[PDB]
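[1] Sequence first, structure after; it's an experimental one.
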Amino acid sequence: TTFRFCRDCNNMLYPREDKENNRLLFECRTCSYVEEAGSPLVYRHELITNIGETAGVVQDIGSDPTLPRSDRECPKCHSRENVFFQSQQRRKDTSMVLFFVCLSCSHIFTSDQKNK
Amino acid sequence: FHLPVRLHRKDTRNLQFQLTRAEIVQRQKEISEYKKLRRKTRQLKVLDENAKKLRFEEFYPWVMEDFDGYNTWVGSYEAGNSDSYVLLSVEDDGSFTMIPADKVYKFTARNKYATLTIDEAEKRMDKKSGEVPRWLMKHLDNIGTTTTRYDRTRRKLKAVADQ
Amino acid sequence: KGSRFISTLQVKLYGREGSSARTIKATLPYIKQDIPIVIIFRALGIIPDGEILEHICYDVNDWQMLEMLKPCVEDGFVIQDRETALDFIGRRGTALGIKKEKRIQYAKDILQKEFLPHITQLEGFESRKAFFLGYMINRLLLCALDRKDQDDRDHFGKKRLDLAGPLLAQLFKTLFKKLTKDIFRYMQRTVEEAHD
Amino acid sequence: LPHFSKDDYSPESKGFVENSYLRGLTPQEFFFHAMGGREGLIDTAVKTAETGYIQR
Amino acid sequence: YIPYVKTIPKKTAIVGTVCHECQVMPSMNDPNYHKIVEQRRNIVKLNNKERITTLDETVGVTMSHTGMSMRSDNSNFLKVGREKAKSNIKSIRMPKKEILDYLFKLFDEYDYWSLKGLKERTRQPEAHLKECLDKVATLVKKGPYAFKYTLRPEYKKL
Amino acid sequence: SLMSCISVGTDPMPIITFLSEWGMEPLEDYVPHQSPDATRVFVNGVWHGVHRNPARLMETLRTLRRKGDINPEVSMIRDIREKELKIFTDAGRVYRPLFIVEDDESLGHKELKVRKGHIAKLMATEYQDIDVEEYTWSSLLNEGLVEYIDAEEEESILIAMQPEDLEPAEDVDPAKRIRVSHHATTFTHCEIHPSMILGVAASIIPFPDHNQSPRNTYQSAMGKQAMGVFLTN
Amino acid sequence: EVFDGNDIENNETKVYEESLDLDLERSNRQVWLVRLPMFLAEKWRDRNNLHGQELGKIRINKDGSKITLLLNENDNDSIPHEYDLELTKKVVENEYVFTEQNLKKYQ
Ligand SMILES: [Zn+2]
Ligand SMILES: [Zn+2]
């Protein structure tokens, strides 16, 4: 959605329509600052969302002694050490697919063979 | 800023209906032209002297106002990093002079976008309507209500320059 | 250490998943009403909406969390400065001795000495209170977004066992308070009724 | 338990006792078996009180 | 607007603009380094608070100050009863012919006299003093100046 | 349980001061959008600041606790994923001891820090009472061989049931029970002995792992109704 | 030091014998905000000190990117003599230093 914030007061901008040009403008509700939008999308509802599948991956994820290790091959550096974990979305509708993080290039790949 | 600038301590209540320095100067000009038993026993609760001193000293926050009221910043006392800072002033010879720091104040601008009042705000918060109109501030700006100190002073100053 | 009393702060996500507007309201001690979180943030000195969101969400591209926060900033739009927000807090308080002008300070004191007391109770720590409040809101939103599961109440790591030490500690604290109260009452009675 | 790795779904991880009483339960099996036993003891107490009221 | 704001003026001056924020950190390649590490380790090691003190005296001796004790308190603290009870003196009723005149000069001084103030100035017993006061003055109880004697209008209106 | 203990709590101020000196940037200058990797530092549930290098801070904190500068009862947890560093000093937390496992590359695999030389002096002090220098449980604690761990810190550690088979890198008797190896090479601790999970009443049962669990519960209750010698006086 | 507010009566002309305006004259003065360790801040923030002596020297590489502080030999060889000034912020804006003292009250 790419929230936009005002330049002069840092408040949130809102979409407005200018019929003189039939375009989309983003204006502030208190200080009268306007800016033309770069994209025509203003709202998005994600009923089925995948944001958070790999949440929590950091530069030292391999230091975690509790994460299980695997021998799968990383298809970006050809290394065999890696830590894997299941999806981090706590909806009781997510698949049991695994996510692998390589301990040599920080690349994240998956075991999915259905859709990938 | 529009010089001169004043940095004093003052009450911040109703810091939208306080006379600007320029307005006061103009009013001074026209004024000159115009004239031309207790319970006998109570308990005090011990309070650390330092906090009471801090409470009394910081009761009236710093207010930084320019001449025309265009800039009005209110300072707030910060205690997280107040007494661990040190200042090095670069003299005009390459050298450094060290000065301990006393306090840190965080200043936030006031009255730049024509804020409402508490009574007006509460009427809108209550079910006057399902939700406040998106462009209410723009609408009320044209009616003339809810102006700023800067505009409230400029129109008065122009009301004098016109004569 | 110091007073042993407990004050609870609750941050509630009103509305269900089938609603068109779910706002967040926080319960403050001695206020009698659940205030929108934005109003509390402005009462702490953070007026810009962008800064408030920065205190809540720590990722600039987590639009899904920001989308759920937009109704909150919309609810408290009519208040746009520290003093008006404080007066909004104060008039909800249950004191009715504050008239209209001691009422801003009353809310300020409530936010200082009774709001999130376990961080501090001294003047000049609004930034810590705002950051912690954002931390609570962030965790609330993470669970509401099916990114975290509700905290397990039986997790033995969130429990404490009070032994004879703490048990006798609170008993002694209560009894010593009563003893001191009796001492002063005797002092007052001796001063007034003219005794030795 | 803090003896397996995160996201482990093998039978040994989620409470499958592979041994018999003759051979002896391992410490993980002993605790999981105890958890199941506690369920029965609680059920016995609660159902006894509730069925008694139903009978009356 | 508001005509009074109750400011507090002070002498202020901007005496510099911050250009760099610095963090002083001791160099690890310094000889005296690792003395700071020990100092920082002593910060957590320290036990500034001290334990309660146990009395090793005979228990009977320690309890000799408690309860019904043969010893008498020598304290002068909050002996309010002693302060005002000590002072006491009697006064004999003086002749009416003199006090009667004294009250009139007094009433000429002020047009309203309280009872406590009157007894203090006259320094006479309230018993006799009441007789003359009622004979000369009257007390208004229900008026705003309640419980205050004032000279009767017969002699005041002169 | 037999080896369970409850902390009495200490002052958190010394730890907060220690954190400030080692780069725990205060919370008054934290810009979340200019440091989207900083670890939030909590002490007794109070967000005191952030740290740019949590790994070194945790290493320094753990070493200090093990050598005996921070009280062993203090619990330190590093939620690497959540980017949080929680320190608990309050009283009322239940903890228990565990062996410490370190690499010790001399053999090339992780192994307990406690060796047979230590055990020799442990029993030497045990039997000299019935005079070598005293060597007690505290000596194990101060030498970094055992570690108090509470339920919250237990969430971030990997524990081996025995050092016999789990620690060594990796016919069978048909009568022995089937033991699962778990084939993990990242153990951080080891159980002193699994039997210590039981309490006072269940520690008198012989072969409680060859019984159905409710029978063990019944005996625990009934063993308190048995006549014996409650005291010698 | 309580005083009137708006002051349309022009009472500041006699109640105060000094200008009440903020002095924007020394603002163009470079200043470094330095955070000190506890052992160093406990002896540099002392008001029974700071007699104008040389606390040490500040050394900057000709090409920049590295600064170091060298204290004198007055520390009594109990603390390090060499420190590294770590620039947590090279460019700083909206931060200023302002003083505060009382005004002369008569005439
Ligand atoms: Zn704006
Ligand atoms: Zn790789």
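    Everything's here; your move. Numbering: from 1, shown residues only, chains lettered A, B, ... in the order given. Ligands and ions are numbered 1, 2, ... in the order given.
[2] Any idea how many residues pack against whatever residue of chain E ends up closest to chain C?
    Closest approach between chain E and chain C, counting by CB to the nearest CB: residue E:81, at 4.6 Å. In this view, the C-beta of every residue, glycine as well, is placed from N, C-alpha and C. Number of residues near residue E:81 (other CB atoms under 10 Å in any protein chain shown) recorded here: 14.
[3] Next: residue E:8.
    16.
[4] is stretch G:38-56 up against chain E anywhere?
    Yes: Stretch G:38-56 reaches chain E (CB under 8 Å from any CB of the partner chain) through G:39-40.
[5] what are the ranges of the strands in chain C?
    With DSSP state E, the ranges of strands along chain C come out as C:10-13, C:24-27, C:34-36.
[6] if we can go back for a sec, which strands and helices sit next to the helix or strand where the residue of chain E closest to chain C lies?
    Here residue E:81, judged by DSSP states H and E, is contained in helix E:80-85. Other elements packing on helix E:80-85 under the criterion 3 or more CB pairs under 8 Å, 6 or more residues apart in numbering or on different chains; DSSP states H and E are helix C:164-192.
[7] can you pull the buried residues of the helix it packs on?
    For helix C:164-192, burial by neighbour count (16 or more other CB atoms under 10 Å in any protein chain shown) applies to residue C:190.
[8] name the helices or strands packed onto that helix?
    Against helix C:164-192 (3+ CB pairs under 8 Å, 6+ apart) you get helix E:80-85.
[9] contacts for the helix it packs on?
    Under the criterion CB atoms under 8 Å, 6 or more residues apart in numbering or on different chains, residues C:190-191, C:194-196 lie in contact with helix E:80-85.
[10] chain center to that helix, what's the gap?
    Its chain's average C-alpha position is 16 Å from that of helix E:80-85, according to CA atoms, centre = their mean, to the nearest Å.
[11] what does stretch B:18-37 give?
    Stretch B:18-37 has its C-alpha centroid displaced from the chain centroid by 20 Å (CA atoms, centre = their mean).
[12] near chain G, anything from it?
    Yes: Stretch B:18-37 lies within reach of chain G by CB under 8 Å from any CB, at B:18-19, B:24, B:27-28, B:31.
[13] What remains of these if I keep only buried residues?
    Applying 16+ other CB under 10 Å to these flags B:18-19, B:24, B:27 as buried.
[14] Can you tell me which helices and strands the lengthiest strand in chain G packs against?
    Longest strand in chain G by number of residues (criterion: DSSP E): strand G:82-89. When contacts are defined as 3+ CB pairs under 8 Å, 6+ apart, strand G:82-89 sits against strand E:11-26, strand G:67-71.
[15] Redo the ones you listed as JSON lines? Include mean neighbour count and distance to residue F:87.
    Output for those, formatted as JSON lines (neighbours: other CB atoms under 10 Å in any protein chain shown; distance: least, CB to CB, whole Å):
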{"stretch": "strand E:11-26", "mean neighbour count": "19", "distance to residue F:87": "23"}
{"stretch": "strand G:67-71", "mean neighbour count": "17", "distance to residue F:87": "32"}
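[16] is it fair to say residue F:20 lies in a helix?
    Yes: checked against DSSP: H, G, I helix; E, B strand; the rest coil, residue F:20 lies within a helix.
[17] Show the contacting residues for it.
    F:26, F:49.
[18] ok so, going back, measure how far the longest strand of chain G is from the centre of its chain, please.
    Per CA atoms, centre = their mean, the centroid offset for strand G:82-89 relative to its chain is 18 Å.
[19] Repeat that for stretch G:84-103.
    Centroid displacement of stretch G:84-103 relative to its chain, using CA atoms, centre = their mean, is 8 Å.
[20] Show the end-to-end separation of it, please.
    Using CA to CA, to the nearest Å, one end of stretch G:84-103 lies 41 Å from the other.
[21] One more: stretch A:72-79?
    8 Å.
[22] Not counting its own residues, what contacts stretch E:136-145?
    Stretch E:136-145 has contacts (CB under 8 Å, 6+ apart) with E:100, E:103-104, E:107, E:112-113, E:146-152, E:155.
[23] Burial check on residue 103, number of neighbours?
    You didn't pick a chain, so chain A it is. Per other CB under 10 Å, the neighbour tally for residue A:103 reads 15.
[24] Actually, chain C is the one I wanted.
    Neighbour number of residue C:103 under other CB under 10 Å is 21.
[25] What is the nearest of the contacts of stretch E:136-145 to residue G:28?
    Top of the list for closeness to residue G:28, among the contacts of stretch E:136-145 and by CB to CB, is residue E:112 at 70.9 Å.
[26] still on that earlier bit, with distance to residue A:16 as extra columns, can I get the residues of stretch B:18-37 next to chain G in JSON lines?
    Conversion of the residues of stretch B:18-37 next to chain G to JSON lines gives the following (distance: CB to CB, whole Å):
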{"residue": "B:18", "distance to residue A:16": "34"}
{"residue": "B:19", "distance to residue A:16": "36"}
{"residue": "B:24", "distance to residue A:16": "40"}
{"residue": "B:27", "distance to residue A:16": "41"}
{"residue": "B:28", "distance to residue A:16": "45"}
{"residue": "B:31", "distance to residue A:16": "47"}
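[27] Need the single longest helix in chain B, by residues.
    Under DSSP state H, the helix in chain B containing the largest number of residues is helix B:21-35.
[28] Which strands or helices does that one pack on?
    helix B:149-161.
[29] check contacts around the closest residue to residue C:55 other than its chain neighbours.
    Closest residue to residue C:55 apart from its sequence neighbours, by CB to CB, 6 or more residues apart in numbering or on different chains: residue C:134 at 3.8 Å. By CB under 8 Å, 6+ apart, the residues touching residue C:134 are C:52, C:55-56.
[30] So residue C:134 versus residue C:128, what's the distance?
    To residue C:128, residue C:134 is 11 Å away according to CB to CB, to the nearest Å.
[31] Around chain B, pick out the residues from chain E.
    Taking CB under 8 Å from any CB as the contact definition, chain E meets chain B at E:1-3, E:5-10, E:12, E:15-16, E:22.
[32] Three-state assignment for the residue sitting nearest the centre point of chain D, please.
    With distances taken as CA atoms, centre = their mean, residue D:36 lies nearest the centre of chain D, 1.5 Å away. With three-state DSSP as the basis, residue D:36 sits in helix.
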